[PDB]
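Q: Let me begin by handing over the structure; questions about it come next.
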Amino acid sequence: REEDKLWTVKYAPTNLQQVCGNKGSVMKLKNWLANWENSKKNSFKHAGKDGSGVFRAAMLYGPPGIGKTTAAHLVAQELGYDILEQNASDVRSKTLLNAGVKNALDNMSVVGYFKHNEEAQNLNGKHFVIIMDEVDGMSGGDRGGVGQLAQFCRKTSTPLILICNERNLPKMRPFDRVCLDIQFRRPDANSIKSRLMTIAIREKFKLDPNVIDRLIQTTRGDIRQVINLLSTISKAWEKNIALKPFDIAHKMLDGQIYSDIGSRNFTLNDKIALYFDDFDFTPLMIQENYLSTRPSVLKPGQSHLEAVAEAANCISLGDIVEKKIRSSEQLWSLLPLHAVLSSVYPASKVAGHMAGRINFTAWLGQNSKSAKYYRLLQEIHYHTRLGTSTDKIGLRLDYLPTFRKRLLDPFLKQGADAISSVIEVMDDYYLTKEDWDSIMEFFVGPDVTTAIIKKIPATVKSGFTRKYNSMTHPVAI
Amino acid sequence: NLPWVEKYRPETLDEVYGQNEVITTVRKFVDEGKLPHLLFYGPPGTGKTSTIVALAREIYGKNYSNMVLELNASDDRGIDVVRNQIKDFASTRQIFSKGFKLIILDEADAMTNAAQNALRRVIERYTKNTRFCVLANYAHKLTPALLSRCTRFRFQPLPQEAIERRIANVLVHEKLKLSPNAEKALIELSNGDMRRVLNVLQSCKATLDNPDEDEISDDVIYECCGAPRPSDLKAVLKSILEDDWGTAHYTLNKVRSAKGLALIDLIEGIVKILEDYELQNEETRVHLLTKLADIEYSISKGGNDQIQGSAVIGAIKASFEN
Amino acid sequence: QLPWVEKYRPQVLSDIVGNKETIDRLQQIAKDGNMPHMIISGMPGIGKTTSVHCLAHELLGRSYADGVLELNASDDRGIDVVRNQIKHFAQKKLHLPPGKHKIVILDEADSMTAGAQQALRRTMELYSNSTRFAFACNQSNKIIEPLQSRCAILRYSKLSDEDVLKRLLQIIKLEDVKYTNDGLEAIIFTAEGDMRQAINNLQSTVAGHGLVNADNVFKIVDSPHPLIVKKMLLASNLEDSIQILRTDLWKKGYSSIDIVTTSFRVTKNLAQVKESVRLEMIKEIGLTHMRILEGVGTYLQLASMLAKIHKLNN
Amino acid sequence: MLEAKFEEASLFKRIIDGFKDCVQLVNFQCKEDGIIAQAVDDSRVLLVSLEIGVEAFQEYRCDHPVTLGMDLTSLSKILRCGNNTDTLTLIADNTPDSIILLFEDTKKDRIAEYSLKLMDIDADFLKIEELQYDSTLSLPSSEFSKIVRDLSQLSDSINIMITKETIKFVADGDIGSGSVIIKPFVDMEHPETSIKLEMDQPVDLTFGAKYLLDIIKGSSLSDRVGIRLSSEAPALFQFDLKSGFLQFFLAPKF
Amino acid sequence: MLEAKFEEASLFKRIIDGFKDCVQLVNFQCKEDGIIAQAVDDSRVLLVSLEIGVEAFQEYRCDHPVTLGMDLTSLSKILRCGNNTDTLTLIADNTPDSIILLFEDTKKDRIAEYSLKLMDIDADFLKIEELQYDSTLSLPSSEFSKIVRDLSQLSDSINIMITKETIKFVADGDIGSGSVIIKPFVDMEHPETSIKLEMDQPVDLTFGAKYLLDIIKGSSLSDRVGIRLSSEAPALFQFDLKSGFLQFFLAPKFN
Ligand SMILES: Nc1ncnc2c1ncn2[C@@H]1O[C@H](COP(=O)(O)OP(=O)(O)OP(O)(O)=S)[C@@H](O)[C@H]1O
Ligand SMILES: Nc1ncnc2c1ncn2[C@@H]1O[C@H](COP(=O)(O)OP(=O)(O)OP(O)(O)=S)[C@@H](O)[C@H]1O
Ligand SMILES: Nc1ncnc2c1ncn2[C@@H]1O[C@H](COP(=O)(O)OP(=O)(O)OP(O)(O)=S)[C@@H](O)[C@H]1O
Ligand SMILES: [Mg+2]
Ligand SMILES: [Mg+2]
Ligand SMILES: [Mg+2]
C-alpha cells in the first residue's frame, strides 16, 4: 500500500544519482561492471587503464547501513542484467554451493530470456550477476563456505559481487587478491543532511538543523538508523526518546543540583536513576565533556586542574569497574557501583555551568578507526613477515619511517621515472598498491602524508598503477 | 565400606539437626499440602539435600523413585537439557499416582543468564501441575525473577548443640574414644559444617585404628585437617610483637615451613586473635586492618610469598607503635 | 494459590505504570497501526514483555492467535529454526485490516547466538510488508550492529518510587489488606525498581504475616535490617562498628554479598550526612564489593571497609 | 532348571522388536505360568508390559520363578542372526548369570549356540488398577498405524476423542491441521477389518506424537489393536497374542 | 469459492511429486478452464509450467479466477496421507487464508479432512509465446531417463547434437567421456517404443546434469516425453496428460 510501508523501504533509492555519499566507489563499481565484457573477451589479462581488468569478481565492504546492497542492486539493474541473489538466510554450505549456484554459474537466465529479447536494448540481459550478500555472516553451520566462494571468485563466467562488513577479518583471508575490493565509508554529514531535508520536505514537517546535526552525530553515520529514527516522529521527542544521552549529560553537569538546597530537592537516588536512564552512553558522554564546564562547587582552595585530575582518576576507576562488569555479564549486581564511580562522582566534582555546547562522545569513532587500522597493520604484516622478522607492533614503530623514505620520498624529487625502482623495492616484500596506500595512511605527526599524496600530479599516480598492473611477484609458498 | 557422609545421612525429617526453624514450616507445608516452589540456600555441609530428599521420601514413600527428578550441575549443560528434560517431565503426566511431581536441582547457581531465563519460563509455564525446589550456595548468583517466583529458605550453620548431638550419635554406632578437647577443636574448626566433621572423623579413625580403641588427640586431627594450632599462632604473634626482625622472621618461616601452612590462615588466625586486644589508640586498629586486608587481597593473586610474609611482619610491627 | 504478579498483570496498554512518553508512543502506534521493528531494552522487572504483549493484543484484536509468533528462551532458536520456521511464518497469507501487520515477538534476544541473529537480517528486511519484529532484551549491547541499525531502540527507565507506590496502593485497595506506611516504605526500599519483585514481596508478606509491617517485610526478605546497618555505619567508635558487624551480622550467617549490598542501599538513602561523604563511602563500599566478588569474601575485608568508612566519617 | 522351546523363531523376534526403542534394560520374570516383563522409559511416561503363558511355547519347564535382567539392544543383535525355520530354545541352570539361546533346524543340523551377559537393575512396581474404562475400542493395527504416522508430521500432539459413535483424531500445527473421523461398523466378510467401540461417557484427551510412534512399532505382533481411554487415568494400547499380550500404558498431556 | 474433485487420489500426488525437487513455492491460478501454475527455479534456470484442464476434474466450479500460493513440501506431506481408494477434494473459501483437502472413501464413511496455510508469493507471471523450434522430437521417457542417469555420472554437462537424423548425447568428464547415438525408427508392434524426429537445422546445445536429473523425475506421469530444441532458445521438455501437460523450460550453457 501507500501508508503501510516503512520509511526505509518507501524512500529507498531508485537510480544512481540518489545514493548519498561514496560516489567514487559507486562509479568504480559501475565502470568495472560495464567493462567486464571487454575484460572477459581478453581472457582477464590486460588491465585496462584502471587495473580492474584482471579481477573476475568484486567485493563490497564497509560499516553497516551505507548503501552497499542498494548500490549493488542498482548498478546490476541499470546495465540490464539479471540479479541472482543469495544471502545469510540460506544454507551456503560447501555441498549446497556446489549443487545450486555452481550449476547456474555460466548458464543463461530463463526469466531474462522470456522477459525481453526482441528489442536491441543490450546483449547482457541473459547474463547473470551473482550477488553473495552477508558473506561475513556465515555461521558455523556453513562448512567450507569461505573456501568454496573464494574458488568461485575464480574460474567463473558471470559478474560475481560479494558483500561483507569487515573485509580485513582473517576469515576473509582467501579473498586476498582474487577480487576487486572497493571500500565504502561513512558518508559526509552534508549528503545525509540533504537527504534528510528532502525526506522532511516530502513528508511536510520541518526540523531544526541543530537537531539534524545531533542525530547525525548520534547515529555515527548509519543512514538507515537515521531514517528509522526520524520515522518515530518536537522538543519532547528529541528530549525524551531520541537524544536522551544529551539530556542526561546536561542534567548531571548542572551546578544547582549538587548544592545543599539543590541536593535536598534532587537527592543521590535521582542522579543514579538519571544514570540508569541510559546505562550505555552516559559514561562516554561524561568522559567526553566533564572538563569543559565552569565550576561552582570547588572547595575553598581547590583549583580547576586538581578537581579535573581527581575526576579523571575516578573515571579510570570506573573504567576498570566497567571492564570487570563486561568481562562477565552475570555480575549485573555491579551496575550501581559503576554508576557512582564512572558517572556521578566526576560530574559532582566538576559540576557547574556549561561553557559552550554539549558534544557527543568521540570515543566510538576513534575506537572504530583504531580497530580498522589494527586490522590493516595485521594484514600488512601477514604479507611482509617473510622479510622483516619483526613483531606486528614493532613494525609500525620502527620500519615504516624508513618505508616512507623508500616508497614516496623518490616521487617528490625524482618525479615520474623512479617508478621501476619503487616497484622493485616493494616487490622484495610482496607489497601491493592497496598495501602502499595503507602504509602511507599510518604516518601521524609532522610526517603526515595525506596532503602530499594528493599534491602530486594524477598522471604520475596513473602511470604508477598501469606500470604495476603489468609485472607481479606475489608467490612465496 | 560406605563413607560416613552417606552412611550417616538423615533418612527422615527428625534426623536433621539445628534446623528447627525451617523444619517446623516444612512440616506445616507438608501436612497442609500447599508445598510451593522452594529455594534452599546456605553454606555448604548444612543439610539442604538431606532435608529435601527426606521430605520427598516422606511425601511419596515408595513412589519417590517415580515422581522425583533429581538433576545436578552442568552435565553437558546445553539449553537442550532445560528445554527437553524438565519441560517433558513437567508437561507429561504420571501413571498410577496422585499429586504433583517434584524436580530438585542440585547447585543450580552455576547456570548462565540464558539458562536461568529458560528455567524461570518453564516454571511460569507449568506452575499449576508441578513444583520446583532448587538448591543453591549463594542466593546472589541467581536471577531476581527466579528468586521471587519461589520462597526462600536460608540454612544457618549448625550450633554447638546439634553438632555435639551428632558426635554423640556417631559415637553410639562406632567403637571410638575421643578426648574432651578433641571435640572442642573439632567444633572450632568445623565452622558449622557437618560434612567436614564426618570427613575428618573417619580419616582420624583409619589413621589411629591400631587396636580400635586409641584416643584421638588434637594433634592428629590438626594434621589430617591441615589447620593451624592456637599455640603456634600465639607464639608467632608474640615473636612478631616482641622480638627483633631476624628472630621473628626466622620463627615465622620455621612455623609456616615445618608445618605446611599457607599465609591465608596465618593472617586469619592472627586477626582473629588481635580482635579482642585492649588497644589504646584506634589508628593502630585502622592501619592493622587496612594493611592486612591489602595483604590478603594480594595473596589471593599469588605473588612472592616471602615478600608478603615480610610485609605481614612489617605491618604488625608498624601498627603496634602507638 | 495464585501469584498476584500473574493475576494482576496488565492486559490493556493504559494499565502499565512508569515510563510515560514511551507508553504514549506505543498508544499512538496501536492507534495508527504502522508499527516498525523495535528493540525494547531495560532493567529486569519493569514491564518490557507485558508492554509488547498488550501492544500486539491491542493491534491484532481477534487475530492474536493467528498472526503472532512468540519465541522466548524456553524454545529452540538456532539457525535451522530462524531459517525454516520464521521464514515460513513471515510468508504466510493473512487478511488483516489495512493498518495491522503480523508480529514476531522474540524475548531475551540477547541469548540468541550471533550466527542465528545473522540469518534474520534479510528475512526481516524483505518481508517488511507483512511482518514486524519486536525484540525484548535486557542488554542492547549483545545485539549485533545490523539488527540495532534496522529496528528502533526503545529504552525503559527504572521505576521511580511514587509510581510503584501508586501501583501498590491500587493492589492493596483491590485486595483489601491492612498495611502501614513504613511497611510500604520497606517494600519500596527492597524493590529498587522491580515492580514484579515488589508485588511478589507484598504478596508474600500478606500471606505470611497478614499485616504489612516493616518488621515482617525485613523478616521475610531475609536481608540485613537497614536500621542495624545504619547503626553499624554511623557509629562513633570503630570498635562499636566492628562488634556490631561481628555479633549481629556475621554470626547470624548472612552472606558478605548481602551485607555489602545492604550497606550500599542504606548509604544511598542516608539523608543526614552530606553528599561528598556519601559518595566517598559508596566508593569504598564498591571497592570492597569488587574485592569480594573476586573470590575473597573474608570477614577481614568487611572489617577493613568499616575501618575506612569510620576514618572517612571522622 | 529353565527350558523354554519356541514353535518358530520370528515370534521372539517381533516380540523384542515391539518395544526396542522405548526402554533399554528389562527384567524377564519366568514362572510356572510363563514369562512376564514390565519396564518404564527414562522419561517416565510410557510403561511397557508383556505376558506370555505356556500355550504359545512347545516345551516349557521351570521349577521356581527366576528373574533375568538384560539389555534389549544386545538381545536384538544376537536374535537377528537366526533364520525363520529354526526352533529357538532358551535354557538356564542354577545361579543364572548367563542366558543360553540355541537355534536348530530338524532337517539341517546347524547348532547355533549363543551366551549373553545379564544386568542387575530391578524396579518393578507391578500394578493394574482400573478394570472399568470410560471408552474402549478395537481396530486393525494397519489403519491405526497409517493414521498415527500420517498425523505425526503436522504436529507433536495428537488429540483423540470418543464422541457418540464417532472416533476422532485431531492434529494442529504450523503447516496446517488434520482431522480424521472413523465410525464403527461390523464386516461379515472379514472380521479383521471391523471397528468395535463401546462408550460409557464421551472422552477427549491429547497424547505425545513420539510416544505413539514408539507404541505403534509393536504392530507386527497382531493384526488388531485395542485402545482403552479414560480421563484422569493412563490410556492402554494392547496388542493381543496367542498366549498373552503386550500393552503400553501412556499418560495424557495438557 | 472453488470446489474441485479429482477422479483418483494418486493423480495429484504424482503431479506434485513430478516437480517437487526443483520448485519450493508455487502459485496456482484457478480459472474456469482449469488449473494453470508456473514457477521459476531457485537459481532462475529451470522454469516449470503445469496445465490441468477441466476434463481431469470430476466436479469443478471455480466461480471466479483465484490464486493460491502454496509450498510443495507441506503439500507433499499432506497428499501422502491418503490411500489409493479416495476422492481428493480441493476447497477454498472466499478470500482464502487456507485451503481444505478432503479425502472421502467411496464405500465407507472414513473422511479425512486436512488444512493447509497458503503462502504469499509475488505474481511475476511471464507469458510464453509459441516459437518455431528447429528440432522437435519425442521419445519414450524411460530410455531418456536411462540416458540421463547414465551420462550424469561422468560429468556435469550433457551436450545434445541433432544432425542428419541422428541424436547424439555426449559428456566429457575428468574420469573419461561418454557418448550415446540414437537413430529414429518406428515399431508397429509396440507404438510406445518409437523415436520421432522433425529436423530443420543441426542444433548443438549444452545443459547441466542436475537440471536434467531433476527433469527426468517426471517420467511417471506419461510414457513419451517430447523435446523441442532451438539454437538460441531454452529447450522445452513436455510430458502430456489425459487433460493437460507439464513443461520444463531449461536454458542452455554458454560457449
Ligand atoms: N546512500 C543512501 N541514501 C539513502 N538511503 C540510503 C542510503 N544507503 C542506505 N539507505 C537506506 O538504507 C536502506 C537499506 O540499506 P542497505 O544498503 O540495504 O544496508 P546495507 O548497506 O546492506 O548494510 P547491511 O547489509 O545492513 S550490514 C535503504 O532502503 C535506504 O532506505
Ligand atoms: N543437618 C544434618 N544432620 C545430619 N547430617 C547432616 C546434616 N547436614 C549434613 N549432614 C551430613 O552431611 C552429608 C552431606 O549433606 P548434604 O545435604 O548433601 O549437604 P548440603 O547441606 O545439602 O550442601 P551440599 O551437599 O554441600 S551442596 C549428609 O549425607 C550427612 O551425612
Ligand atoms: N509498569 C508496570 N505496571 C504494572 N505492573 C507492572 C509494570 N511493570 C511490571 N509489572 C508487573 O511485573 C510483571 C512482570 O513484568 P515483565 O514485563 O514480565 O518483566 P520483564 O519486563 O519482561 O523483565 P524480564 O522478563 O524479567 S528481563 C508483570 O506481569 C506485571 O504484573
Ligand atoms: Mg545488505
Ligand atoms: Mg547436599
Ligand atoms: Mg521478559
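Labels for the C-alpha cells follow display order: chains A, B, ..., residues from 1 in each chain, ligands from 1.
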Enumerate as a PyMOL selection string all residues of region 73-147 of chain B assigned to strand (DSSP E or B) by DSSP on the backbone, naming them with the chain letters and numbers the document uses.
A: chain B and resi 101-105+130-136
Q: Any chance you can output those residues with C-alpha atoms as a PDB file, in the first residue's frame?
A:
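See part_30.pdb below for the written result:
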ATOM      1  CA  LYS B 101       5.582 -34.060  40.516  1.00  0.00           C
ATOM      2  CA  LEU B 102       8.777 -32.682  42.052  1.00  0.00           C
ATOM      3  CA  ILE B 103      12.025 -31.612  40.374  1.00  0.00           C
ATOM      4  CA  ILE B 104      15.051 -30.844  42.558  1.00  0.00           C
ATOM      5  CA  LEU B 105      18.160 -29.267  41.013  1.00  0.00           C
ATOM      6  CA  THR B 130       4.394 -29.379  39.290  1.00  0.00           C
ATOM      7  CA  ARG B 131       6.521 -27.748  41.978  1.00  0.00           C
ATOM      8  CA  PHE B 132      10.190 -26.821  41.706  1.00  0.00           C
ATOM      9  CA  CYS B 133      12.685 -26.943  44.568  1.00  0.00           C
ATOM     10  CA  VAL B 134      16.097 -25.513  43.680  1.00  0.00           C
ATOM     11  CA  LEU B 135      19.255 -25.667  45.796  1.00  0.00           C
ATOM     12  CA  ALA B 136      21.981 -23.044  45.954  1.00  0.00           C
TER      13      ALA B 136
END
Q: Identify, counting only C-alpha atoms and all ligand atoms, the protein, DNA and RNA residues located within 6 Å of ligand 2, and give them as a VMD selection string.
A: chain B and resid 5 to 6 8 to 10 16 to 17 44 to 50 107 194 to 195
Q: Write the selection just made, keeping N, CA, C and O atoms, as an mmCIF file, in the first residue's frame?
A:
data_model
loop_
_atom_site.group_PDB
_atom_site.id
_atom_site.type_symbol
_atom_site.label_atom_id
_atom_site.label_comp_id
_atom_site.auth_asym_id
_atom_site.auth_seq_id
_atom_site.Cartn_x
_atom_site.Cartn_y
_atom_site.Cartn_z
ATOM 1 N N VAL B 5 29.726 -39.931 55.241
ATOM 2 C CA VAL B 5 28.849 -38.899 54.693
ATOM 3 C C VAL B 5 27.518 -39.506 54.269
ATOM 4 O O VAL B 5 26.443 -38.969 54.562
ATOM 5 N N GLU B 6 27.571 -40.642 53.573
ATOM 6 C CA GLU B 6 26.361 -41.315 53.116
ATOM 7 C C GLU B 6 25.779 -42.241 54.177
ATOM 8 O O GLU B 6 24.555 -42.359 54.296
ATOM 9 N N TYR B 8 25.785 -41.997 57.447
ATOM 10 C CA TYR B 8 25.089 -41.232 58.474
ATOM 11 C C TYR B 8 24.192 -40.151 57.883
ATOM 12 O O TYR B 8 23.979 -39.109 58.511
ATOM 13 N N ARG B 9 23.661 -40.378 56.686
ATOM 14 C CA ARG B 9 22.772 -39.392 56.091
ATOM 15 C C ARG B 9 21.367 -39.532 56.676
ATOM 16 O O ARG B 9 20.860 -40.649 56.811
ATOM 17 N N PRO B 10 20.729 -38.422 57.044
ATOM 18 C CA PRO B 10 19.370 -38.495 57.603
ATOM 19 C C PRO B 10 18.388 -39.096 56.610
ATOM 20 O O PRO B 10 18.226 -38.602 55.492
ATOM 21 N N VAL B 16 17.563 -34.578 61.100
ATOM 22 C CA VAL B 16 18.308 -33.369 60.765
ATOM 23 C C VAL B 16 18.401 -32.523 62.029
ATOM 24 O O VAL B 16 17.464 -32.490 62.837
ATOM 25 N N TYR B 17 19.539 -31.870 62.223
ATOM 26 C CA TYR B 17 19.821 -31.173 63.468
ATOM 27 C C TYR B 17 20.028 -29.681 63.235
ATOM 28 O O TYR B 17 20.539 -29.257 62.196
ATOM 29 N N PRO B 44 27.729 -24.559 52.612
ATOM 30 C CA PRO B 44 27.792 -25.992 52.309
ATOM 31 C C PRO B 44 27.883 -26.823 53.580
ATOM 32 O O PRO B 44 28.256 -26.347 54.653
ATOM 33 N N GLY B 45 27.536 -28.100 53.436
ATOM 34 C CA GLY B 45 27.557 -29.021 54.554
ATOM 35 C C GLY B 45 26.582 -28.648 55.651
ATOM 36 O O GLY B 45 26.952 -28.593 56.827
ATOM 37 N N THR B 46 25.332 -28.388 55.279
ATOM 38 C CA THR B 46 24.308 -27.999 56.236
ATOM 39 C C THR B 46 23.115 -28.943 56.273
ATOM 40 O O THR B 46 22.581 -29.191 57.356
ATOM 41 N N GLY B 47 22.691 -29.483 55.133
ATOM 42 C CA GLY B 47 21.616 -30.455 55.129
ATOM 43 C C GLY B 47 20.508 -30.182 54.134
ATOM 44 O O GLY B 47 19.439 -30.793 54.219
ATOM 45 N N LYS B 48 20.745 -29.269 53.190
ATOM 46 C CA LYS B 48 19.730 -28.938 52.193
ATOM 47 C C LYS B 48 19.310 -30.172 51.404
ATOM 48 O O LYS B 48 18.119 -30.508 51.329
ATOM 49 N N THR B 49 20.283 -30.858 50.799
ATOM 50 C CA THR B 49 19.985 -32.063 50.034
ATOM 51 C C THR B 49 19.316 -33.114 50.909
ATOM 52 O O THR B 49 18.309 -33.715 50.520
ATOM 53 N N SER B 50 19.867 -33.349 52.102
ATOM 54 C CA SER B 50 19.284 -34.337 53.002
ATOM 55 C C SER B 50 17.855 -33.966 53.375
ATOM 56 O O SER B 50 16.962 -34.822 53.370
ATOM 57 N N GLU B 107 22.816 -27.572 43.236
ATOM 58 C CA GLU B 107 23.696 -26.430 42.965
ATOM 59 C C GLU B 107 23.336 -25.740 41.645
ATOM 60 O O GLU B 107 24.134 -25.627 40.716
ATOM 61 N N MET B 194 28.799 -29.999 58.905
ATOM 62 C CA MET B 194 28.676 -31.399 59.296
ATOM 63 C C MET B 194 29.463 -32.300 58.350
ATOM 64 O O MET B 194 30.038 -33.314 58.771
ATOM 65 N N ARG B 195 29.505 -31.934 57.065
ATOM 66 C CA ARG B 195 30.206 -32.743 56.074
ATOM 67 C C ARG B 195 31.692 -32.838 56.387
ATOM 68 O O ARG B 195 32.279 -33.923 56.317
#
Q: What residues in chain D lie within 12 Å of chain C, counting only C-alpha atoms, written as a PyMOL selection string?
A: chain D and resi 173-176
Q: Please save C-alpha atoms of the selected residues as a PDB file, in the first residue's frame.
A:
ATOM      1  CA  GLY D 173       0.437 -27.355  13.907  1.00  0.00           C
ATOM      2  CA  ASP D 174       2.071 -24.594  11.877  1.00  0.00           C
ATOM      3  CA  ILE D 175       1.770 -26.060   8.356  1.00  0.00           C
ATOM      4  CA  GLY D 176      -1.957 -26.719   8.717  1.00  0.00           C
TER       5      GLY D 176
END
Q: Can you check which parts of chain A lie within 8 Å of chain C? Per residue, the shortest pair of atoms and distance in Å to one decimal, counting only C-alpha atoms, sorted by chain and number, as CSV.
A:
residue,atom,partner,partner_atom,distance
A:3,CA,C:34,CA,7.8
A:4,CA,C:34,CA,5.9
A:5,CA,C:129,CA,6.1
A:6,CA,C:36,CA,6.9
A:64,CA,C:146,CA,6.1
A:65,CA,C:149,CA,7.3
A:87,CA,C:122,CA,7.1
A:88,CA,C:119,CA,5.1
A:89,CA,C:119,CA,4.4
A:90,CA,C:83,CA,7.1
A:137,CA,C:118,CA,5.6
A:138,CA,C:115,CA,7.1
A:139,CA,C:115,CA,4.7
A:140,CA,C:115,CA,7.4
A:141,CA,C:79,CA,7.7
A:222,CA,C:149,CA,7.3
A:224,CA,C:149,CA,6.6
A:225,CA,C:149,CA,5.0
A:228,CA,C:152,CA,6.4
A:229,CA,C:152,CA,6.3
A:240,CA,C:21,CA,6.9
A:241,CA,C:154,CA,7.4
A:258,CA,C:275,CA,7.8
A:263,CA,C:275,CA,7.7
A:268,CA,C:268,CA,6.8
A:269,CA,C:268,CA,6.8
A:273,CA,C:158,CA,6.8
A:276,CA,C:157,CA,6.8
A:277,CA,C:157,CA,4.9
A:278,CA,C:155,CA,7.3
A:321,CA,C:290,CA,8.0
A:334,CA,C:290,CA,7.8
A:337,CA,C:286,CA,5.6
A:340,CA,C:279,CA,7.2
A:341,CA,C:283,CA,6.8
A:345,CA,C:279,CA,6.9
Q: Compute the chain A side of the contact with chain B at 9 Å, counting only C-alpha atoms, and hand it back as a VMD selection string.
A: chain A and resid 329 to 331 333
Q: Show me, as number ranges by chain, the residues of chain B whose atoms get within 6 Å of chain D, using only C-alpha atoms for the distance check.
A: B: 92-93, 95
Q: Residues of chain E within 6 Å of chain D, using only C-alpha atoms, as a ChimeraX atom specification?
A: /E:81,110-117
Q: In terms of the shortest atom-to-atom distance over only C-alpha atoms and all ligand atoms, which of B:53, B:2, B:115, B:264 is closest to ligand 5?
A: B:53
Q: Residues near residue 161 (chain B), anyone? I mean within 9 Å using only C-alpha atoms, not counting same-chain ones fewer than 3 positions away, as a list in words.
A: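 Answer for this query is residues 17, 18, 158, 164, 165 and 166 of chain B.
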Q: Any idea which chain A residues end up within 8 Å of chain E if we count only C-alpha atoms, as a list in words please?
A: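 Result, ordered by chain then number: residues 84, 99, 100, 101, 103, 104, 106, 107, 108, 109, 110, 111, 114 and 115 of chain A.
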Q: Can you measure CA of residue 476 (chain A) to CA of residue 42 (chain A) for me? One decimal in Å is fine.
A: 27.5 Å
Q: Can I get the residues of chain E within 9 Å of chain C, each with the closest pair of atoms and their distance in Å to one decimal, using only C-alpha atoms, sorted chain first then ascending number, as JSON lines?
A:
{"residue": "E:69", "atom": "CA", "partner": "C:93", "partner_atom": "CA", "distance": 8.4}
{"residue": "E:95", "atom": "CA", "partner": "C:95", "partner_atom": "CA", "distance": 7.8}
{"residue": "E:96", "atom": "CA", "partner": "C:95", "partner_atom": "CA", "distance": 8.5}
{"residue": "E:97", "atom": "CA", "partner": "C:94", "partner_atom": "CA", "distance": 5.7}
{"residue": "E:98", "atom": "CA", "partner": "C:93", "partner_atom": "CA", "distance": 8.0}
{"residue": "E:117", "atom": "CA", "partner": "C:92", "partner_atom": "CA", "distance": 6.9}
{"residue": "E:118", "atom": "CA", "partner": "C:93", "partner_atom": "CA", "distance": 5.6}
{"residue": "E:119", "atom": "CA", "partner": "C:92", "partner_atom": "CA", "distance": 4.6}
{"residue": "E:120", "atom": "CA", "partner": "C:93", "partner_atom": "CA", "distance": 5.3}
{"residue": "E:121", "atom": "CA", "partner": "C:91", "partner_atom": "CA", "distance": 7.7}
Q: Kindly determine which residues of chain B lie within 6 Å of chain C, considering only C-alpha atoms, and give the answer as a ChimeraX atom specification.
A: /B:83,114,118,148,156,286,289-290,293
